[PDB]
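Beneath this line is the structure, given in C-alpha cells, with notes to follow.
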Amino acid sequence: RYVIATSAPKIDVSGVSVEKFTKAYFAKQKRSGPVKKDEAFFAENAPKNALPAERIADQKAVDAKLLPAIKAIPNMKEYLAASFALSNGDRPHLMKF
Amino acid sequence: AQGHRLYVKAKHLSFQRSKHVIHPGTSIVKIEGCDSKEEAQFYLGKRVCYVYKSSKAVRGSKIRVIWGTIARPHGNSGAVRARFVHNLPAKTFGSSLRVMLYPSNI
Amino acid sequence: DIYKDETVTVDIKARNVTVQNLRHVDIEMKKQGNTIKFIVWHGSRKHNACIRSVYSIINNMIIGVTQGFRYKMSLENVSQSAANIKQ
Amino acid sequence: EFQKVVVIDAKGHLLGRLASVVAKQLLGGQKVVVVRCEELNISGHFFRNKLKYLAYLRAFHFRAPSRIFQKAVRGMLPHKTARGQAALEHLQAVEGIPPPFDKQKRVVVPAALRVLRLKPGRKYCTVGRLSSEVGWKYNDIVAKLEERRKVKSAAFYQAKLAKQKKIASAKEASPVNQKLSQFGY
Amino acid sequence: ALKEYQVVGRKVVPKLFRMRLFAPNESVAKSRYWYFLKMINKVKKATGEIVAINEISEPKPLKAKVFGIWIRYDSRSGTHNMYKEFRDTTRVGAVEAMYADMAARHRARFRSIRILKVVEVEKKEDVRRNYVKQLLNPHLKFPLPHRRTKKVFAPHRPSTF
Amino acid sequence: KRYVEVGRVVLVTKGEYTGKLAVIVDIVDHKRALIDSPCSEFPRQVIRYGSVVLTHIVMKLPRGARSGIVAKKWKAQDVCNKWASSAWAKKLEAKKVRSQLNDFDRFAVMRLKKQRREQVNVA
RNA sequence: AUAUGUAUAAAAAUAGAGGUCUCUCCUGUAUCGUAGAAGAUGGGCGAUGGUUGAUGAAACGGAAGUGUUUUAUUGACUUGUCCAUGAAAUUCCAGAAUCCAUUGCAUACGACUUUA
RNA sequence: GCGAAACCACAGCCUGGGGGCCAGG
RNA sequence: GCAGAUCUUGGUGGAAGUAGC
RNA sequence: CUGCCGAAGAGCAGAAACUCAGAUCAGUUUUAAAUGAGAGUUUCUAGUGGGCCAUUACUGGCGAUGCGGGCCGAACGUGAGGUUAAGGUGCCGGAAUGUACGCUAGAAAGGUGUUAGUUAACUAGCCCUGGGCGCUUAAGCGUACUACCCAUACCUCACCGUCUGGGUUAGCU
RNA sequence: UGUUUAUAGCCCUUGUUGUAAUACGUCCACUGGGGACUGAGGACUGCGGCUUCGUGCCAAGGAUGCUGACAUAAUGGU
C-alpha cells in the first residue's frame with residue numbers, strides 16, 4: 001500500500017535466490033541483553049546493532065546478480081539513482097504510472 | 001524543481017454543515033486539480049494531514065501534525081470529505097493541507 | 001433578422017470600416033469587393049433599424065467624400081452644422 | 001491550481017461575476033489582487049447603474065472604481081465575523097496597474113468575462129466612466145499613466161520576443177529535438 | 001424524455017379506437033388516452049379497457065423533415081387553437097420543442113395542451129413559416145452564434161474568434 | 001473564415017466522440033446539424049454546435065449524402081493527412097501522446113530536454 | 001536632526017488581432033527549472049557553456065519607482081556526455097519635546113503666536 | 001474635612017422587517 | 001431538601017466620594 | 001431525581017374482578033365479502049367541559065409539540081454510518097457559474113415598445129403607465145433531463161430504558 | 001432559364017448480405033475492483049457447504065491474524 005507500481009520495463013530477477021528472505025530473515029532482534037545488577041546502573045554495556053557481514057554479503061551478491069540486468073537496458077541506472085518528486089502542474093489522478 | 005515532495009496540496013474549505021447547523025466531525029477539503037466527483041474517486045482513502053507550528057519542543061521540534069483520511073466525494077466540483085483523528089480547528093478554514101499518496105492502489 | 005445583409009477601400013478592421021467606423025452597432029461589414037456586405041446573422045430588429053440608417057449614413061459619407069457639393073439651400077454633419085448655423 | 005498571490009486584470013470582466021469569483025477565493029485562504037478596476041464592466045445601460053448609485057448617494061459614499069469593486073466583494077463576504085474581516089484584508093483592489101504589479105503575470109476569469117457572458121449588441125456600462133461621472137476625477141491621469149505603462153510593456157514584449165527568436169531558431173537546430181520527437185514534446 | 005405511444009382501447013363488439021399520443025412512459029399514455037376518449041365519445045374510464053399499448057419509433061430518424069402540429073390551448077379564457085411548424089428529425093423531437101416553446105412564450109403546462117394532429121409536410125411550398133423557409137434555402141451557411149466557448153483564473157484572455 | 005455550412009468538416013469536443021473528426025452533411029435547424037465520418041466507429045448522428053469547433057477546412061459534398069458515399073468523398077479529396085497538415089492537429093496529437101507516458105518515458109524526456117538545453121549557442 | 005519549484009509582465013476585439021501578398025490563434029494538459037549520502041568523494045571527452053555566493057561599478061525603473069539589466073573580478077557547483085567509490089540494524093507508515101519663565105497677532109481654562 | 005439616600009433582571013449606536021431576533025448601515 | 005412570596009433576619013454592593021455641609 | 005402512563009380543552013385515562021381466536025369488532029372498502037385488530041364487559045376515580053386559525057354547521061390544524069425549510073416537510077431516548085422530504089446549489093451558504101428548448105423591470109384600458117399566431121382588425125407573452133451583495137443568451141420567467149446538498153424524518157448497527165412474550169431445581173463440573 | 005445521373009448525387013418500394021448490429025427496457029442464484037462505518041456476542045449445541053468417513057475443513061448462529069511505536073512517552077482529561 002506504500003509503493004507506486006510503475007510501467008517501467010521489468011528487471012531480470014530470476015537469477016537471484018530469494019527463498020532465503022523469510023519472515024524470520026527480516027525480524028527484529030528479540031528483546032534480551034543479558035545484564036547483571038551492577039552494569040545496568042552505570043549503563044556502559046550497550047553494543048551496537050551494526051548489520052552483520054552476511055547481510056552485506058547478501059546485498060553484494062544481489063547487486064552482482066542485478067547490475068547486468070539493469071546495465072543492459074538503457075536509462076535504468078540513471079532512473080534508479082533518481083528520486084520521484086512532484087512539481088506544480090503534476091496531477092497524480094491523471095498521471096499514468 | 002527542488003522536488004522532495006510526495007503530496008498534493010489541499011485546502012480546508014469548511015465543515016460539513018447545513019444552512020445553520022455545523023458538524024465539525026467531518027470536514028470539506030478541496031484538492032488541487034480534482035474538479036469532478038469522478039476524479040475525486042482517486043483520492044478516497046488517502047491520508048490527508050494538517051501541519052502547523054507551536055512553541056513547545058515536543059521531541060525536539062516545533063512542528064505538529066493532525067492526520068486524517070479522505071472518506072467520500074462532496075458535491076460535483078471535486079470537493080471531498082475528510083475525517084481527521086482530531087477534528088480540525090475552525091480557525092483553519094482555507095488553510096493548506098497535505099494529501100499524501102498512501103495508501104496507494106495505482 | 002435571419003439574414004438582413006446589405007451593401008476608396010472598405011477595410012473593416014475592428015469593425016472600423018475605414019475607407020469611417022461601425023463599432024457602434026454589431027452589424028458585420030465583410031468588405032465584400034467594392035461593396036461592404038453589411039451582414040446580420042440572426043440579430044435583432046434594432047440591427048435591422050440600424051442597417052437602414054447605416055446604409056444611408058455610409059452612402060451619404062461615400063457620396064460626400066466623392067462629391068459633397070454644397071446643398072446650401074458632410075451629410076449629417078453638414079446638415080446639423082447648417083441647422084446650427086441657422087439657429 | 002491555486003497559489004498564494006494572484007493578479008487579476010479586471011478589464012472585460014463583469015462586476016458581480018468577478019467579485020463572486022474573488023470572494024470565494026478569499027475565503028479559501030488565497031490572497032487576491034485585482035488591477036485595472038476602472039475597466040470593469042456592468043450589464044445594463046449607463047443610466048441604470050447611474051440611478052442605482054445616485055439612489056445610494058441619497059454610510060460613507062465612495063466614488064473610486066477600486067472602492068466600488070471593494071464594496072461589491074464586501075457584501076459577498078461575512079464581514080460581521082472575524083473570518084470575513086480576515087478575508088477582506090487579503091484583497092488589494094487598485095485602479096490602473098501599480099508598478100509593483102505590472103512586472104507580474106495577470107490572469108483572467110473566463111466565468112466573469114463580458115464577452116463570454118453578454119449577448120452581442122447588449123448595452124453595457126463601464127465602472128471607470130460611471131465613477132468619473134459621480135465624483136471621481138482621476139481618470140485623465142489614470143488613462144495617461146496607462147498609456148505610458150502600455151508603451152513600456154510593449155517595448156518589453158518586443159525585447160522578449162526578439163530574445164525568443166534566437167532560442168526558437170536554435171530549438172530545431174539541435175538534432176535531439178527531432179531525434180526523439182515521438183515523445184510528443 | 002418524451003416518447004410516441006399508440007394506444008388502442010374500447011369499452012368491455014364495441015368499436016376499437018386507436019390514436020397516437022406523446023407521453024414520458026406507458027402509464028401516462030394510457031391515462032392520457034382515457035382522458036381524451038372521455039371528452040370525445042363519453043366513455044367511462046372504469047368501464048373501458050386498453051387492448052394494445054405500443055411504442056412507436058421514428059422510421060427515418062436521420063432525415064431532416066418539417067412537422068406541422070395542430071394543438072388546442074387552454075388559456076385564461078381556456079379556449080384557443082393554433083398551428084405551428086418545426087423542422088427536426090423526429091416526430092417526438094418536434095413535440096418536445098412544441099411543449100418547450102409554448103411553456104416559454106405562453107406559460108403552458110403539459111396537462112392544458114392536447115395534440116390535435118401532427119403531420120409531416122414534405123412540400124416546401126406548403127410551409128407557412130418564414131423561419132422554416134429561410135432554413136430550407138439551398139445556400140444555408142451562417143457562422144455559429146452564441147458560442148462563448150474547472151480551471152478558474154485562466155492564464156490568457158480567451159480568443160473567442 | 002468558419003461558416004457553418006454543408007460540407008464543412010468539424011471536430012467534436014463533447015460526449016464520447018471528443019477528438020473524432022466529422023463533417024456536416026445537413027443543417028437540421030439553427031441549433032442542430034447532422035454529421036458523418038468515414039471512420040466506421042463514428043455513427044450517423046444529429047448533434048448541436050455546442051459540442052464542436054468549426055475547422056477551417058471545407059470539403060465539397062452534396063447535401064444529404066449517405067454514409068458510404070461520404071467516405072468515398074473524404075477519400076477522394078484526401079481530408080486525411082490534410083487535417084494533420086495543419087499545426088492544430090499536430091498540437092492535439094502531441095498532447096494526446098504526451099498524456100500517455102509512464103514515469104520511465106517522462107524520465108526519458110527529462111534527459112532529452114537536458115540534452116537539448118545545454119547548448120544555448122547564440123551569436 | 002537623530003513555505004515545499006513561493007518561476008512565467010504587451011496593448012485591443014470577440015461581428016478580428018499579431019508577425020513576415022503570405023502565415024498563426026480555436027487557452028497554461030504550455031513554457032523555464034526538476035537524478036545526486038536533501039543532494040557525498042574522483043577520472044576522461046566536447047563548448048566558452050549554465051547556475052550562482054561575495055566585492056567593484058555604471059545604465060534603467062517615480063503610480064505605491066524597492067526592483068530590472070550590462071557587467072569587471074573573486075569563491076564554488078555543474079548531470080553536456082561516459083565511467084569509479086560511499087549510503088544499510090531508522091532491518092514495513094508515524095537630541096529633542098514638555099513643565100517653570102516669556103510674547104500678545106491669541107486667550108473662559110486649555111490651546112495658539114512668540115521669544116525663552 | 002465630612003458625607004448620604006432613593007433606585008438597580010440584565011445591559012445601552014441607528015434603519016427596515018418580524019433595547020436583545022433577522023438582514024444592513 | 002428553596003431562586004423568587006415588593007418573604008423574615010443579618011451582611012455587602014453599584015449609585016458615589018455623587019447629591020450635599 | 002429519574003422513569004412510565006396521559007387527557008379534556010356522560011365522554012375522554014387507568015386499577016382490580018371475568019370471559020375470552022372455539023370473539024367479536026373496525027372514523028375502511030366492495031356486494032344487496034375483502035382487509036386490519038383478540039374482543040369485551042358490570043364497579044370506582046381523579047383531571048377538563050376554553051378559545052384561535054384555515055378549507056368546505058362540518059372538517060381538520062393550533063393548542064400538552066421540539067426538529068428541516070420559509071405555509072411546506074416531518075411526531076423527538078443516547079450515538080456511528082448511509083439515504084432522503086420540504087426547500088435549495090453565483091457569493092454570503094452545505095450543494096451544477098449543470099445540460100437542453102424559448103420570452104424580456106424581475107424573483108377599464110393606453111403605448112409608431114417587442115416576439116409568436118388567427119381572420120387592416122384581433123389572440124398570447126414580456127416591458128412603461130394606470131435577506132443582502134449583485135444578477136441580464138441571468139444568478140429573472142416557463143418547460144424538460146441529470147447530478148448534487150441535508151432534518152430529531154427513513155434504513156442498518158451499537159447502547160440505555162420501558163413494555164410484551166419465552167426459558168431456567170433430584171439446583172448435572 | 002429549362003432538364004432526370006451523365007464528368008455530383010438525392011428520395012420512395014422490394015429483395016438480399018440476416019438467426020445483422022446498436023440503442024433502450026429488463027434479468028443473471030455472472031463477474032472484477034476502489035472508499036467509508038461497525039466488530040455487538042463469548043466453551044460446544046444450530047442451518048448449511050466442500051470433503052470417502054474424518055474431535056476433517058469452511059466466508060455456515062456477530063473479528064481475527066500478522067507487525068510496529070512508548071515509559072525522560074505515547075494517550076486522554078481539566
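Identifiers for the C-alpha cells are assigned positionally: chains receive A, B, ... in sequence, residues are indexed from 1 per chain, and ligands are indexed from 1 in the order shown.
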Inset, instruction - Using only C-alpha atoms, select each residue of chain E with any atom at most 7 Å away from an atom of chain D, and give the selection as a VMD selection string. - result: chain E and resid 148 152 to 157
Legend entry - Atomic separation - atom CA of residue A:85 relative to atom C1' of residue G:5, Å: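 Distance reported for this atom pair: 10.9 Å.
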Legend entry - Shell around stretch 60-73 of chain G at 8 Å using only C-alpha atoms (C1' of nucleotides), local window under 6 positions removed, as JSON, numbers by chain: {"D": [97, 98, 99, 100, 145]}
For C-alpha atoms, I'd like the residues from the last selection saved as a PDB file, in the first residue's frame.
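Here's the written file selection.pdb:
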ATOM      1  CA  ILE D  97      -1.644  48.865 -12.580  1.00  0.00           C
ATOM      2  CA  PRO D  98       0.815  49.833  -9.837  1.00  0.00           C
ATOM      3  CA  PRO D  99       4.476  49.373 -10.814  1.00  0.00           C
ATOM      4  CA  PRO D 100       4.937  46.536  -8.275  1.00  0.00           C
ATOM      5  CA  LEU D 145      -0.423  56.544 -16.855  1.00  0.00           C
TER       6      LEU D 145
END
Inset, instruction - Using DSSP on the backbone, list every residue of stretch 45-182 of chain D that comes out as helix (DSSP H, G or I), and give them as number ranges by chain. - result: D: 46-57, 65-75, 82-88, 110-112, 127-134, 139-173, 176-179, 181-182
Legend entry - All residues 8 Å or closer to stretch 57-64 of chain K, only C-alpha atoms (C1' of nucleotides), same chain fewer than 6 positions away omitted, as a ChimeraX atom specification: /K:39-41,46-51
Inset, instruction - Could you give me, as a list in words, the residues within 12 Å of residue J:44, counting only C-alpha atoms (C1' of nucleotides) and dropping anything in the same chain fewer than 6 positions from it? - result: residues 14, 15 and 16 of chain J
Compile a residue-level contact table for chain A against chain D at a cut-off of 12 Å, reporting for every qualifying residue the shortest atom pair and its distance in Å to one decimal, with only C-alpha atoms counted, rows ordered by chain and ascending number, as a tab-separated table.
residue	atom	partner	partner_atom	distance
A:87	CA	D:1	CA	11.7
A:88	CA	D:1	CA	8.2
A:89	CA	D:1	CA	7.5
A:90	CA	D:1	CA	10.0
A:91	CA	D:1	CA	9.7
Kindly export the residues of the current selection with N, CA, C and O atoms, as a compact mmCIF listing (two decimals), in the first residue's frame.
# COMPACT_ATOMS: atom_id res chain seq x y z
N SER A 87 5.81 18.28 -8.81
CA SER A 87 6.01 19.71 -9.03
C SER A 87 4.68 20.32 -9.44
O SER A 87 3.69 19.62 -9.67
N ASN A 88 4.65 21.65 -9.53
CA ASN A 88 3.43 22.33 -9.93
C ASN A 88 3.01 21.89 -11.32
O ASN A 88 3.84 21.75 -12.23
N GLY A 89 1.71 21.67 -11.49
CA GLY A 89 1.17 21.17 -12.73
C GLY A 89 1.07 19.67 -12.83
O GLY A 89 0.46 19.17 -13.79
N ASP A 90 1.63 18.93 -11.88
CA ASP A 90 1.56 17.48 -11.88
C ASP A 90 0.34 17.04 -11.09
O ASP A 90 0.22 17.32 -9.90
N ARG A 91 -0.58 16.35 -11.77
CA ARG A 91 -1.83 15.91 -11.16
C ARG A 91 -1.83 14.39 -11.05
O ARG A 91 -2.02 13.70 -12.07
Just want the 10 Å neighbourhood of residue E:110, counted on only C-alpha atoms (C1' of nucleotides), with same-chain residues fewer than 3 positions away dropped. Output as a PDB file with N, CA and C atoms (P, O5', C5', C4', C3', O3' and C1' of nucleotides), in the first residue's frame.
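Final output, part24.pdb:
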ATOM      1  N   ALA E  23     -46.124  10.681 -24.576  1.00  0.00           N
ATOM      2  CA  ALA E  23     -46.075  10.611 -23.126  1.00  0.00           C
ATOM      3  C   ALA E  23     -44.679  10.203 -22.688  1.00  0.00           C
ATOM      4  N   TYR E  99     -43.797  21.679 -26.877  1.00  0.00           N
ATOM      5  CA  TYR E  99     -44.101  21.855 -25.462  1.00  0.00           C
ATOM      6  C   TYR E  99     -43.183  22.889 -24.828  1.00  0.00           C
ATOM      7  N   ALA E 100     -41.896  22.855 -25.172  1.00  0.00           N
ATOM      8  CA  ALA E 100     -40.960  23.831 -24.627  1.00  0.00           C
ATOM      9  C   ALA E 100     -41.297  25.238 -25.097  1.00  0.00           C
ATOM     10  N   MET E 102     -44.235  26.538 -26.049  1.00  0.00           N
ATOM     11  CA  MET E 102     -45.469  27.107 -25.532  1.00  0.00           C
ATOM     12  C   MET E 102     -45.377  27.359 -24.035  1.00  0.00           C
ATOM     13  N   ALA E 103     -44.696  26.476 -23.304  1.00  0.00           N
ATOM     14  CA  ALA E 103     -44.401  26.758 -21.906  1.00  0.00           C
ATOM     15  C   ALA E 103     -43.516  27.983 -21.754  1.00  0.00           C
ATOM     16  N   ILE E 113     -52.341  21.201 -22.584  1.00  0.00           N
ATOM     17  CA  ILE E 113     -52.075  21.034 -24.009  1.00  0.00           C
ATOM     18  C   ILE E 113     -52.515  19.646 -24.442  1.00  0.00           C
ATOM     19  N   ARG E 114     -53.309  19.587 -25.507  1.00  0.00           N
ATOM     20  CA  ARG E 114     -53.694  18.329 -26.128  1.00  0.00           C
ATOM     21  C   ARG E 114     -53.365  18.395 -27.609  1.00  0.00           C
TER      22      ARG E 114
ATOM     23  P     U J 143     -42.925  25.395 -15.086  1.00  0.00           P
ATOM     24  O5'   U J 143     -42.490  24.397 -16.244  1.00  0.00           O
ATOM     25  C5'   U J 143     -43.424  23.984 -17.225  1.00  0.00           C
ATOM     26  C4'   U J 143     -42.743  23.335 -18.401  1.00  0.00           C
ATOM     27  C3'   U J 143     -41.864  22.139 -18.092  1.00  0.00           C
ATOM     28  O3'   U J 143     -42.592  20.948 -17.862  1.00  0.00           O
ATOM     29  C1'   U J 143     -40.741  23.571 -19.587  1.00  0.00           C
TER      30        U J 143
END
Legend entry - 9 Å contact set for stretch 11-24 of chain B, only C-alpha atoms (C1' of nucleotides), chain neighbours under 2 positions out, as a PyMOL selection string: (chain B and resi 9+26-32+50+79+81+87-90+92-98) or (chain D and resi 27-29) or (chain J and resi 93-94+149-150)
Using 7 Å as the limit and counting only C-alpha atoms (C1' of nucleotides), can you tabulate each residue of chain A that touches chain G, with its shortest atom-to-atom distance in Å and the two atoms involved, as a tab-separated table?
residue	atom	partner	partner_atom	distance
A:26	CA	G:91	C1'	5.8
A:28	CA	G:91	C1'	6.9
A:49	CA	G:89	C1'	5.2
A:50	CA	G:89	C1'	5.6
A:51	CA	G:89	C1'	5.3
A:78	CA	G:35	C1'	6.8
A:81	CA	G:35	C1'	6.2
A:82	CA	G:35	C1'	3.7
A:83	CA	G:35	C1'	6.1
A:87	CA	G:5	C1'	6.7
Store the residues picked out above in a file with N, CA, C and O atoms, as a PDB file, in the first residue's frame.
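The new file again35.pdb reads:
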ATOM      1  N   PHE A  26      13.795 -10.984   8.164  1.00  0.00           N
ATOM      2  CA  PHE A  26      13.585  -9.558   8.370  1.00  0.00           C
ATOM      3  C   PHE A  26      13.162  -9.205   9.788  1.00  0.00           C
ATOM      4  O   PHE A  26      13.005  -8.019  10.089  1.00  0.00           O
ATOM      5  N   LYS A  28      13.096  -8.483  13.861  1.00  0.00           N
ATOM      6  CA  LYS A  28      13.966  -7.673  14.696  1.00  0.00           C
ATOM      7  C   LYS A  28      14.483  -8.489  15.870  1.00  0.00           C
ATOM      8  O   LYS A  28      13.861  -9.465  16.296  1.00  0.00           O
ATOM      9  N   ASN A  49      23.964  -2.306  17.003  1.00  0.00           N
ATOM     10  CA  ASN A  49      23.220  -3.237  16.164  1.00  0.00           C
ATOM     11  C   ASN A  49      23.695  -3.174  14.724  1.00  0.00           C
ATOM     12  O   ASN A  49      22.897  -3.284  13.791  1.00  0.00           O
ATOM     13  N   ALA A  50      24.999  -2.976  14.527  1.00  0.00           N
ATOM     14  CA  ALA A  50      25.552  -2.880  13.184  1.00  0.00           C
ATOM     15  C   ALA A  50      25.234  -4.136  12.386  1.00  0.00           C
ATOM     16  O   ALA A  50      25.323  -5.255  12.896  1.00  0.00           O
ATOM     17  N   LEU A  51      24.846  -3.939  11.133  1.00  0.00           N
ATOM     18  CA  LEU A  51      24.428  -5.056  10.303  1.00  0.00           C
ATOM     19  C   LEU A  51      25.582  -6.039  10.144  1.00  0.00           C
ATOM     20  O   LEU A  51      26.703  -5.627   9.815  1.00  0.00           O
ATOM     21  N   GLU A  78      20.368   5.433 -14.360  1.00  0.00           N
ATOM     22  CA  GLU A  78      20.059   6.812 -14.005  1.00  0.00           C
ATOM     23  C   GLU A  78      18.654   6.940 -13.428  1.00  0.00           C
ATOM     24  O   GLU A  78      18.419   7.789 -12.561  1.00  0.00           O
ATOM     25  N   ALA A  81      18.887   5.672  -9.722  1.00  0.00           N
ATOM     26  CA  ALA A  81      19.619   6.632  -8.910  1.00  0.00           C
ATOM     27  C   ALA A  81      18.845   7.925  -8.703  1.00  0.00           C
ATOM     28  O   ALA A  81      19.225   8.724  -7.841  1.00  0.00           O
ATOM     29  N   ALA A  82      17.776   8.142  -9.462  1.00  0.00           N
ATOM     30  CA  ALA A  82      16.970   9.341  -9.328  1.00  0.00           C
ATOM     31  C   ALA A  82      15.988   9.191  -8.169  1.00  0.00           C
ATOM     32  O   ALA A  82      15.946   8.171  -7.478  1.00  0.00           O
ATOM     33  N   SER A  83      15.192  10.232  -7.954  1.00  0.00           N
ATOM     34  CA  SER A  83      14.132  10.222  -6.960  1.00  0.00           C
ATOM     35  C   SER A  83      12.859  10.761  -7.591  1.00  0.00           C
ATOM     36  O   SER A  83      12.905  11.627  -8.469  1.00  0.00           O
ATOM     37  N   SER A  87       5.813  18.283  -8.811  1.00  0.00           N
ATOM     38  CA  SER A  87       6.010  19.706  -9.033  1.00  0.00           C
ATOM     39  C   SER A  87       4.679  20.321  -9.439  1.00  0.00           C
ATOM     40  O   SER A  87       3.694  19.616  -9.666  1.00  0.00           O
TER      41      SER A  87
END
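Straight-line separation from atom CA of residue C:25 to atom CA of residue D:124: 13.0 Å.
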Legend entry - For atom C1' of residue J:112 and atom CA of residue C:1, the interatomic separation in Å (one decimal):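 Atom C1' of residue J:112 sits 19.8 Å away from atom CA of residue C:1.
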Inset, instruction - Can you work out which one of D:184, D:75, D:65, D:135 has the shortest atom-to-atom distance to chain H, counting only C-alpha atoms (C1' of nucleotides)? - result: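 The shortest atom-to-atom distance to chain H comes from D:75.
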Legend entry - Among the residues G:40, G:58, G:23, G:101, the one that comes closest to chain F [using only C-alpha atoms (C1' of nucleotides)]: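 Looking only at the distances to chain F, the closest residue turns out to be G:23.
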